[PDB]
Amino acid sequence: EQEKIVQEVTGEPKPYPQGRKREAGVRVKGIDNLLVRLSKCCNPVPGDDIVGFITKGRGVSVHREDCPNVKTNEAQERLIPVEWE
RNA sequence: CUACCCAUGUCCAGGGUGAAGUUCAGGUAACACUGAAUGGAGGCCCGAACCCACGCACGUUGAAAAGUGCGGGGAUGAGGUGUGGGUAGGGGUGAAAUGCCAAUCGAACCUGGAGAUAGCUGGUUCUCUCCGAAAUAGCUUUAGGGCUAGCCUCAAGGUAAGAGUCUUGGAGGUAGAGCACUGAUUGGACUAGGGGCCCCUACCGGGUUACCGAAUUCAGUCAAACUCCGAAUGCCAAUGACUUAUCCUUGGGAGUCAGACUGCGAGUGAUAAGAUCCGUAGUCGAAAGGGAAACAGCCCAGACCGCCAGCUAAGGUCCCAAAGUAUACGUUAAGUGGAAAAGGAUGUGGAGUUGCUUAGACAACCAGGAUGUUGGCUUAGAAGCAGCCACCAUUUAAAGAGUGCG
RNA sequence: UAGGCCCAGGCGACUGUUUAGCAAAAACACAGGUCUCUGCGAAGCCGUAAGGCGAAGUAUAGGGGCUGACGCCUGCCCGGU
RNA sequence: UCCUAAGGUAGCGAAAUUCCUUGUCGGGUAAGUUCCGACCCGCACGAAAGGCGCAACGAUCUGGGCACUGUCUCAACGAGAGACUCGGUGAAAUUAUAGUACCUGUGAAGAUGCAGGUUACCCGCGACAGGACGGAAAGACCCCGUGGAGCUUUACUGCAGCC
RNA sequence: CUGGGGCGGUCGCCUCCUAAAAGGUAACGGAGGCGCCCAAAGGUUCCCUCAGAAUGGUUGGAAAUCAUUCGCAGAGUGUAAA
RNA sequence: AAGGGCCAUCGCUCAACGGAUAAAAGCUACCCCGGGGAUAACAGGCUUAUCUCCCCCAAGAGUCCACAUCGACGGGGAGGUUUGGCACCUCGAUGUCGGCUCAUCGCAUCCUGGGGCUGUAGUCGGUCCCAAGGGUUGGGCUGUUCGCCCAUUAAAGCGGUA
RNA sequence: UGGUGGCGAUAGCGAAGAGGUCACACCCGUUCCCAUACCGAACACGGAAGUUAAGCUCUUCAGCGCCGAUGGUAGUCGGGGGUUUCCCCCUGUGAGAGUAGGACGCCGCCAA
RNA sequence: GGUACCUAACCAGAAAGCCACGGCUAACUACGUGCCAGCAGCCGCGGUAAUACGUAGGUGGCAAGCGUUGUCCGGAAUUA
RNA sequence: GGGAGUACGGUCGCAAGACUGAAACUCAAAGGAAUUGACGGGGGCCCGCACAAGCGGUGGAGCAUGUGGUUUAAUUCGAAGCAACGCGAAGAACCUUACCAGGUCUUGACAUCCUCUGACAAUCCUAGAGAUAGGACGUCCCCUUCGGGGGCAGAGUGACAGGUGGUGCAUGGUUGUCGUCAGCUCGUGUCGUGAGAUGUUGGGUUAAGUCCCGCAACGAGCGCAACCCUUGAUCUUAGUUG
RNA sequence: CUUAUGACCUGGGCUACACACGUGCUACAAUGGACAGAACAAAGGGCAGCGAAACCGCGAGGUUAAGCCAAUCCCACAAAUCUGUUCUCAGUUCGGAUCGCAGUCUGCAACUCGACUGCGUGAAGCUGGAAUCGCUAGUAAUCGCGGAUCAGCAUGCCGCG
RNA sequence: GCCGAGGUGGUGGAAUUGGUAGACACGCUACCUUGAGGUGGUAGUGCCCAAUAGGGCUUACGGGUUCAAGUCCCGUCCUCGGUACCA
RNA sequence: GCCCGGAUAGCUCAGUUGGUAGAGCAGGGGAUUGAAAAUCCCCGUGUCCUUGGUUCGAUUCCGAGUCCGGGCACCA
RNA sequence: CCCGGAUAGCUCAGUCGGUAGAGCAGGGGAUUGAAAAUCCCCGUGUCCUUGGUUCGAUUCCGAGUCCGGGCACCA
């Protein structure tokens, strides 16, 4: 029945349209106030360091280095050493 | 007798209860009305005779083929009975039960067809000798009955044709075994492909995992309806040999068609039955004797008949109860043997392996019971000790931050 | 030697009758209700005719079925029979 | 919303119907599977197979209370009629022969009789009935017979009778 | 018929397994058929492979059709089974 | 000539299919009669699926602690009362449930005696073990057996024995 | 060498080569007989440029396939016995599997 | 009971409150408040400017008392 | 007034129910006639593109545009039947502009005060997205009888300033709307205890309370129309850039 | 309310879009399409405002520039119409969205987010369901033009024939 | 327990014949109508993707047979109608 | 006198021998109104009774009051 | 064995030789502040197939399916 509460709680992503209360939390190489997003390949947490990949657009993914997606990168210049702050 | 019914006489002790009326008085215009007295109706009441059977008790080879005892319901009417008649069995009759119709009744009674029929049950008498079975198959409104075939006896034949063993020759696909077909199924390697973390992002560009994974091959099992394989036997053979005589044909006559149990081969079941359905083999049935204490069905063995003789089988040999307290070697100690398991067990017997093992073990005695670091957390502490985490290392003859314990 | 009484309850209204000789009632009967047959040689019955029951009767009568005094009541379906 | 020729109205309702059940809820009792009062998820009540309610009635039938009681705890005693005893008369069902112990064990599976043991002098009499599958009735239930008789209707062929 | 009858299920044929390496053998024991169909689906004559897979390819896709190898067999055998 | 045979021949789920007739279904508790333990219910018998009684392995619960107490998924048995299988004796009769009457027998024990462990302070207790000599209440309902209930008692035992 | 038989693939595939003057083959063409559901692919018809590559034969080898012992075992006809869903002992029989091995051809007939 | 009383001496020293304040009914403003908290005998007041709630100021009422309460009569000619 | 002709108790009846007949409770009112109104699937008269008789479109199609919803950091706020929806917007690239993010700033961007001190500026420089800065140079205030005044600037200071913050159910003002529909009242007189009624109704007409007649009413006022413009004819005067 | 609900700047947004709604134009064609010729208005506007003619660009326009503070000059050559030519009934020689490339203007700047050409591309649609809306004579419909508004932008609204 | 029938769009219910539908009605869905309702009028309306075309998915569930299966065949599960008898 | 537990949102109630905290309703948030109801949704919104206390966080663990809830004692 | 039904989409009629007829439905029309129910219009038919008589002939004989009512054979 509390697993059904986990079924009924789908709607906590619904406060992640219309903005969320966010600081500059992913500090981008000492430079603040830049468009970054949390990587869905693997979650950026302070294990190994976290690296921002300059995408073609639509945001910057903080791919959490030691990931199979971040390791096989063509155009390594797009990776940016950023801070977890 | 009884069931109603038809004409006909006949009986019912007493007490209670009191309507319809009636009359009088009152009352009203007058009938309604009212009160007294009278009158006495009633499938009315209580209770005898008299009917009638409800409730127990007694009876039940009874006093009695339905009673008596102590009490009970009707007892002036749908009543009770006496006498004289009526209705007849596939009918009568019935305030109805299928009750009564002569101690009879879901069709009375009596002699008749009639010695009915009965595939059912009981019974079937004098003796020996001669050989002697079956309980299954098919079909059947049959399934406990029957006929044909199977198996037995009697007669006559053709005659050695039969059976057993050895011999060579096959047909056949179980038990077993195999996994090559069929299915089932283990595990690894490998992987098309598939989504998924999802990245870059037109479900489009590709990366990725133990997220799966068809195929793929490597090893691995498994079968009543899986066979590339495939025995023993059992069966049809030819062929001679040996030892045996029994087969077939024709004909008279049958009985048997409910079977049991023990072992192996299966099914049904619960790998339950002294269960059931069969296979092939026994016994019993139809077979006494001896053992299994006694006991159809197991283990021996077939009974013409007599003896106050002899030998063996199964099983027995201390005593019932005939036979060795024989003989050799072991084994149990439980009365196991004389009841049964998973499993538990320093019970013991005989093996084999190998560690320890007089520069001396085992048990026990005496001392050693460390260092880094009395470790530090979660916590108010843990010298491991609410419990981790490095399975660390030198002091030393030797001590693990540890067997444990609290 | 001649009532035991009181509270309720269904079932039968009631007195009556049968299971001679297991079973007396909650069954039958019953008055009343009721639909229907039947115009008189009625219908129905006995049973192949007669004959004289019904009835020396005549729809306010007589057979038959269905229920059961009285009081309140008896609604729906004509497709099948 | 499908289906009917039409979908149960009045009054009753765990009922002489009710399975689950002793339904639940209340009075009766210290305690009440029955009984009464109400409840309706009426398995399967219902209107002349009649529905409900009914004062009077019954050797009906369930339940409760008083009265009084050997019905009972818990038996006792007394009268008499059988019983036993002494003369009189004197049957009957039944009955293989019968000097008939009881434990196990076996067996047509539940012994008086056989086997193993155990105990027991012979013979009556008064009582009890555990047993002889004690007697009386070739089972009334149950299944077969190609039995049988009453009953039944849209089984079959018939017939009477009215058409 | 019947592991007492009742109801329920079945009744003859064909194939398999039980069946015990010949044939046969039962159970209300295990599995499925049949009351046909065909005028070519027979008769002969002569002819020639199949099932998938793997590729290559319009529409075409896992799966139409074309080749193309590898394929004694996995298919096809009027219809159940051996 | 009729009609008959011969031959070819068609009409039947006569399906219960070797087809008794061209043509067929019901109840008996109102019951008979011949038969059967060939064939049931009641009991006996064999077996033990089911049925209570034990145990085995132990994950776990029990603060820790498997083993005071419970013990899952699982295995193995013993008992022959129950629901049942089989149809062996009994259908020329073995009367069947429940109470009353007289009790008898086993022990897996309910009290009483003895003890061991305990999560046994004490008083009660739980649990196995030795014990069958003695006892085991009285009622309302139910035909009751069982069980509920009231009230006690030290205890309100279970199971045979047709 | 060719044609044609018989012998359980011990005759098989599989790979490695060799050979062709004739022989046998592909190979060259459809005018004709005949033809492919469409065709000279095959079947028919006829021809001989070059071709040993294919097949055809001739050799090697054991990689698969195939054949196949001995030894023992399973199971087992009968003989008895024991704790009786099974099992032991004796006489006799005797596989499969697994190997040792054999084998990548033998025997005929006719033409040259 | 030396009580009433009277005589003299003493001090602004000892000593006021509750009720009302929209209309009935004499007397009102300011804050708080926002169908909530609360008033109410009668009509009825408050969903953001409450003279009607609560508070403060200020009035008014009456006084050692004032309001509310339950009674009985009256107004009620509304038992005539 | 409801509770109610109900319950209960009793009589009466064959029953259905009649007759006698309450109460606890609850609202401050339920009803009586009358008047002005509004409505009528009531009547009579009568009007407008209302309907009929026609024309042309909207609803399908793309596209512009407007609000919905939804969507986002925000999609600024208001208008919501006709009488909001090409509307405020007679013009959203920044400006507008409020909204959202970042950068800011705090007598203020803007107004009076008050205290001074002098013109501030202008520019280029580096910043920086820019606001804002820091700077450089350049700061030149006028009018006066010399004190002052007039600004302009900055520095201050508290006053205040500011709000496109909220309520159009506090409001002025402003327009739509019934509709350019034919109506709404007053003064005096009476009428009726009073509310109100007459005048305005009756008759005849009109686009109309237009107007006439009648009339217990006579009158007046706001409305209608008219005078105001435009267009439609002509004359006078005036003729250029006609 | 107040070192913020006030002020300033950048940039975003008011223009989003699965989907309905009003309100407007351009169309679905032969009374049309295409080309050429011919002719005809009213009203309004113009000083950092109009811009002629002229030349150059396929063109939108560029270039320079007369004239005009206006019945003088410019916006402005009106369109429908008329007459020829061609088109022949189909998703086309109608449609003109959507979209690509190449351009021009204004302005600091046209990406979100402007208008207009030049080239291409060429869908939806072949008179639209129930229901509804306007209109009594220069109105119905139809065709162009002017202006406010604005640097820039109209299928919008006024106003004109 | 045994038989007999039947398992469905949001819902009720036909398609029970061999070839594909998931009728038809009622929902529901946007619009039209009304001042907003109910009502009435067109349009679709099984689930899910493609605003389109189309495809997937399916008629309790599970498996077979078929070129096919809501249906054919069989197992499970659910719910109705009938039976559970004689001592 | 004695001891034994609860002293939790606005209200009910979960956290319990140690994870600061939920849930329900109420209430508030705005869309829309005079504001309500209706429709659209949003939000926990707590001196864990205080005083102390071993601290490397405690609503719970401990004492200390207070308080509530108890049952035993104390007969003048 | 006889008798009953073979057309328009459908339900149904219907000539003695010369041909397409109703009703319901389909399609639209007007009608109506909407709606059915009415009110008109055309629609669509080898009159079952095959031969024959005859000038061709639903017409009408020569030749036959399938549904209902019966007499009555059925071993």
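Residues numbered from 1 in each chain as written, not as in the entry; some residues may be left out. Chains lettered and ligands numbered in written order. Part of a larger assembly, values for the part shown. Heavy atoms only, no water.

For this entry, the PDB record names cryo-EM as the structure determination method and reports a resolution of 4.5 Å.

Caption draft 1: Up close: the sheet that holds strand β2 (residues 51–54). Taken in spatial order, the 4 strands make up an open sheet running β1-β3-β2-β4, and their pairing is mixed. Two strands in the sheet have a free side with no partner beyond their single neighbour: β1 (37–38) and β4 (79–81). Bridge count for β1 against strand β3 (residues 60–62) is 2 bridges, and the pairing is parallel. Bridging across to β3, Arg-37 finds its partner in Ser-61. (Pairing = 2+ DSSP bridges. Helix = DSSP H or I, 4+ residues; strand = E, 2+ residues; numbered from the N terminus.)

Caption draft 2: Region of interest: the state of the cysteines. Evaluated as defined, the whole model comprises 0 disulfides. Just so you know, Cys-41 is unpaired, no disulfide at all, and the nearest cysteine sulfur is the one on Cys-67, 3.6 Å from it. (Disulfide = S-S within 2.5 Å.)

Caption draft 3: Focus on the side chain of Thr-55. Within the element layout of this structure, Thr-55 appears in the loop between β2 and β3. Here the side chain of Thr-55 touches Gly-59 through a polar contact of 2.4 Å, landing on its backbone oxygen. With residues near it in sequence (within four places) discarded, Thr-55 still touches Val-60, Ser-61 and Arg-78. (Polar contact = N/O pair within 3.5 Å; in protein donor to acceptor, adjacent residues only side chain to side chain. Contact = heavy atoms within 4.5 Å.)

Caption draft 4: Summary view of the environment of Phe-53. Inspection of the secondary structure assignment puts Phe-53 in strand β2. Expressed as a C-alpha distance, the spacing of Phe-53 and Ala-24, which sit 29 residues apart in the sequence, is 17 Å. Those residues in contact with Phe-53 that lie beyond four places of it in its chain are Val-60, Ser-61, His-63, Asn-73, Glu-74, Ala-75, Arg-78 and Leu-79.

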